[PDB]
A.B. asks: 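Got a structure for you, questions after.
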Amino acid sequence: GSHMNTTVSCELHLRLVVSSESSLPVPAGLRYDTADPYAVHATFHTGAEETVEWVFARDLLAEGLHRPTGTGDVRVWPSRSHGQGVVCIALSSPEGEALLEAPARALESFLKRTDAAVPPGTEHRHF
Amino acid sequence: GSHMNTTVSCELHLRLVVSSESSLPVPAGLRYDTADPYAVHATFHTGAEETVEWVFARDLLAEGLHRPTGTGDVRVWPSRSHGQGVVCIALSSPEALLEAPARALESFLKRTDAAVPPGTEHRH
Amino acid sequence: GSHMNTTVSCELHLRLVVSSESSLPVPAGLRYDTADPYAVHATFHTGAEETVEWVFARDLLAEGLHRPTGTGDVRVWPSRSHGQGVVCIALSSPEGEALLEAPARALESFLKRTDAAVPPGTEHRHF
């Protein structure tokens, strides 16, 4: 008998930025697992019975609330839209390039709950 | 940051063929994961708080829409029942006969093919 | 195609024993997988969008209905509280020490369903 994992989750409503004047709604689930303490797992509901799963560095999403960050597949930066603070998530794959807007307040509140489970700087205690 | 997986799923109502006289309803989930691109995962809801999980070759379900196929644990073949096309799924472990509605099965496989065309699985 | 797994599950209501006179409700999901025939997986719903996952030896929970058992992370023993038979579950991790009360009848009824799927003594047939 042993403690395998603690999970912190939330549901966010993201916007897929199609154009300057057009966006599509993308419900997303975020999960944090204390057994994988550097990571955040994201499920993007891109269709009724379709999902796309991405893994992010928790520290990249945390930094993305305050300043532009990331190289390679993922670029993150803060901004505002429709009178809300947002985190912009630019994703590159073999398939192509997508731009998503996450509500900053909801993202930050989820990261604060992950910090209560595993304070940043203590991830190594779990490995 | 990295793309771990794309999932395509559907919910089917299958018929457990108990006998010629009587059959039972089995709600099932099918899921295709591009991280496991040769496979289809099936969850058979056999009881209120009970499931049976099977893994199939995608290509076996795809072939089963058109002709009889499989040896060992799984045999699949097309047929008709109550005026609908069905795929018959015979499963052996240490035996169950299931009927899947062909249209719904085929439309799920076509969505998996749009994500990963058969023949390209190895690119993933 | 291969028959990966058969799952037997139940939802129980456990009491987290905070104090002599104070307890908190912990909804818990128990899952038995015939592909992992020695184990019971427990999900403790400790808040709206947080869970704590534990693995137990099925045989430890089974023994815990009848007598005190376990060394290390998990200690289990039968008892009574508010006139109902309970199994006491004491859990230790680097993170936490917890005392939980499970209703004995409901726990036993779940284990009997796992025994109908994989009778104790036959776990090895699955490997």
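Below, chains carry the letters A, B, ... as their sequence lines are ordered, and counting in each starts from 1. Side chains included, hydrogens not; waters and symmetry mates left out as well; all remaining heavy atoms used.
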A.B. asks: Which of residues 8-45 of chain C have a heavy atom under 4.5 Å from any heavy atom of chain B?
C.D. replies: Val8(C), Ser9(C), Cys10(C), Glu11(C), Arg31(C)
A.B. asks: Should we say atom NE2 of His82(B) is surrounded by more than 12 heavy atoms from elsewhere, each under 6.0 Å from it?
C.D. replies: no
A.B. asks: Which residues pass the side-chain hydrogen bond (donor to acceptor under 3.5 Å, both in side chains) test with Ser107(B), sequence neighbours left out?
C.D. replies: none
A.B. asks: Would you please name every residue forming a side chain to side chain contact (heavy atoms under 4.5 Å, CB included) with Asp73(C), sequence neighbours left out?
C.D. replies: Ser2(A), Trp54(C)
A.B. asks: I'd like to know if the side chain of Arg113(C) and the backbone of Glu49(B) have a donor-acceptor N/O pair within less than 3.5 Å.
C.D. replies: yes
A.B. asks: Without placing hydrogens or testing angles, list every side-chain donor-acceptor pair under 3.5 Å for residues 60-67 of chain C, not counting sequence neighbours.
C.D. replies:
| residue | atom | partner | partner atom | Å |
| --- | --- | --- | --- | --- |
| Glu63(C) | OE1 | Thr69(C) | OG1 | 2.9 |

A.B. asks: Do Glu53(B) and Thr7(C) get their side chains close enough for a donor-acceptor pair, meaning under 3.5 Å?
C.D. replies: yes
A.B. asks: Could you look at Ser93(B) and say if it's the side chain, the backbone, both or neither that has a heavy atom under 4.5 Å from chain C?
C.D. replies: side chain
